[PDB]
């Protein structure tokens, strides 16, 4: 059987495919560990700038594999359910088709950007069973869409589509079913044209800044900016611009 997580490098893009189509890409031990390792690979390899996560067979992820867990498999890695608890540092785009409920929705929420087929289905249903979502969905959904919409969805546990969520800026690209990956690939290419460390540092500032004291916010930002300003890539950006040619990025 093919690997349950596929990993393919396309220039500065790392394409991560959950590959259990007959289980709608539910997260068992091999998927959780494979996704954690992809995150590590993305962040540790200089010639990568961005990742895309997607699912084989027109479904993204049914969430935790309850059957695998009940048999005795560990579904959590060091980064949580795949990487829900500790998403990667470098930018990652979720390319979502079809079923993406529950842990699948929480995995989507751990990503930075979302490209989705219009029929793609999301949800945080835990309260229906007298449970509460614990893989970050409650920490993040209320910051991606309007507070009262997120609250409604979390309290009713109802499903919602990419098509419905597009008005709230939760869907960076809304396309026809079947188009999410090719669209994600284009968006990734727009990002990887830019300075590798600069796109990473930008993300970092955006995530960390909502934790900073206003008194310190500019100094904290400045700490992250400094290495960028003196990077080799920053030199090449200016040089390439003067010379009317494409920059050649190195990630240093």
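Residue numbers count along the first chain shown, from 1.
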(request) Between 5-13 and 238-246, point out the one with the higher average CA B-factor as the PDB entry records it. (result) 238-246
(request) Read off the CA B-factors in the entry, average them over 14-22 and over 229-237, and name the higher stretch. (result) 229-237
(request) Report the option among 210, 200, 39, 52 whose CA atom has the maximum B-factor in the deposited record. (result) 210
(request) Sort 152, 106, 182, 112 by C-alpha B-factor from the entry and give me just the highest. (result) 182
(request) Taking the chain's C-alpha temperature factors as the reference, tell me which third residue 206 falls into: lowest, middle or highest. (result) lowest
(request) Check where residue 28 lands among this chain's C-alpha B-factors and tell me if it's the lowest, middle or highest third. (result) middle
(message) Is residue 59 in the lowest, middle or highest third of its chain when residues are ranked by C-alpha B-factor?
(response) middle
(request) Going by the recorded CA B-factors, say which third of the chain residue 189 sits in, lowest, middle or highest. (result) middle
(message) Using only modelled residues of the chain, where does the Cα B factor of residue 129 rank: lowest third, middle third or highest third?
(response) highest
